[PDB]
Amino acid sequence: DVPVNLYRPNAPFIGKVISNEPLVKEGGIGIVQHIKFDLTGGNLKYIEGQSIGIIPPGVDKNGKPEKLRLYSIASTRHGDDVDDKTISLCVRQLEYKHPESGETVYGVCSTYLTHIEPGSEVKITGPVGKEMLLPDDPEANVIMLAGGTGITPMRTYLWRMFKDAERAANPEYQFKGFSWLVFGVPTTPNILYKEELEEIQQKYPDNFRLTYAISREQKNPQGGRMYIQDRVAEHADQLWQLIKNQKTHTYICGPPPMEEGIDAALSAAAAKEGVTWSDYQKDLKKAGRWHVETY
């Protein structure tokens, strides 16, 4: 059923870049690009929540070919144009400090991708992953906790749930549950897919709630910069109440350090009802209702 590894590193699918557009608006921090690839000529198929590998050209400092880097798929199974002909990615250009051999360091694969030109051929592998799949039940509740590019799998879920063209193409999935996205980024211009996310909330006020944690524009009750963990603590009781439903699924995607604060928040909420979150969570994971993908 679930498509997986239709293409592997030894014989990748050679796709062509259709478009490469900026997602970080003026005044934002960093570079994050939405890149769409043409899948025609191959049989790569995928579903929401999966990832694909990209093999960048060139060799590493040791002279060996570069290995693949995984990227969460940003598009639904049908592609952004709902034509079953493309696949998209949401790629941040990795760049960091000086104390790392030299002065400025740019990630190999992410810099290759963010600067790639339309028409270029790219080596693609996958799809991969069964840990971040969306339930087929249209009545399920879906909690999405995302940091930065962690928004990516969430975009695939939300588009499938709320885009007009998606609903028309998926007669078997007419979402009527409740979805809540808590999205943490440093600035408003850094709110990836902002316009479309807010459009969805305006059209489906009873099925989608959007909450932002904007660090450079908001402060938590302690006076520190606002991060996703702070919003989760602020809404811990509401989130725990939703999590208690047998049909609720939670997805966490973003930096590894985000998990600790989220668990501490939910632990305090669950404790009010005599429940130890760490134990309840273990059962949720075993039931496949607690999905995590951090990097």
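Each residue number is its position in the shown sequence, starting from 1.
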Practice item. Look up the CA B-factors in the entry and say which stretch, 68-76 or 110-118, has the higher mean. Key: 110-118
Review point. Looking at the entry, does 14-22 or 280-288 show the higher mean C-alpha B-factor?
Key: 280-288
Revision key, fill the gap. Based on the PDB entry, the highest CA temperature factor among the options 196, 166, 95, 81 is that of 95
Practice item. Among 126, 171, 153, 186, single out the one with the highest C-alpha B factor in the record, please. Key: 171
Exercise for review: Report the third (lowest, middle or highest) to which the CA temperature factor of residue 190 belongs, ranking only the modelled residues of the same chain.
Suggested key: lowest
Review point. Taking the entry's C-alpha B-factors for this chain, is residue 59 in the lowest, middle or highest third?
Key: highest
Point to revise | Chain-relative CA temperature factor third for residue 34 | key: lowest
Point to revise | B-factor third for the C-alpha atom of residue 211 within its chain | key: lowest
Practice item. Relative to the other modelled residues of the same chain, rank the CA B-factor of residue 258 and answer lowest, middle or highest third. Key: highest
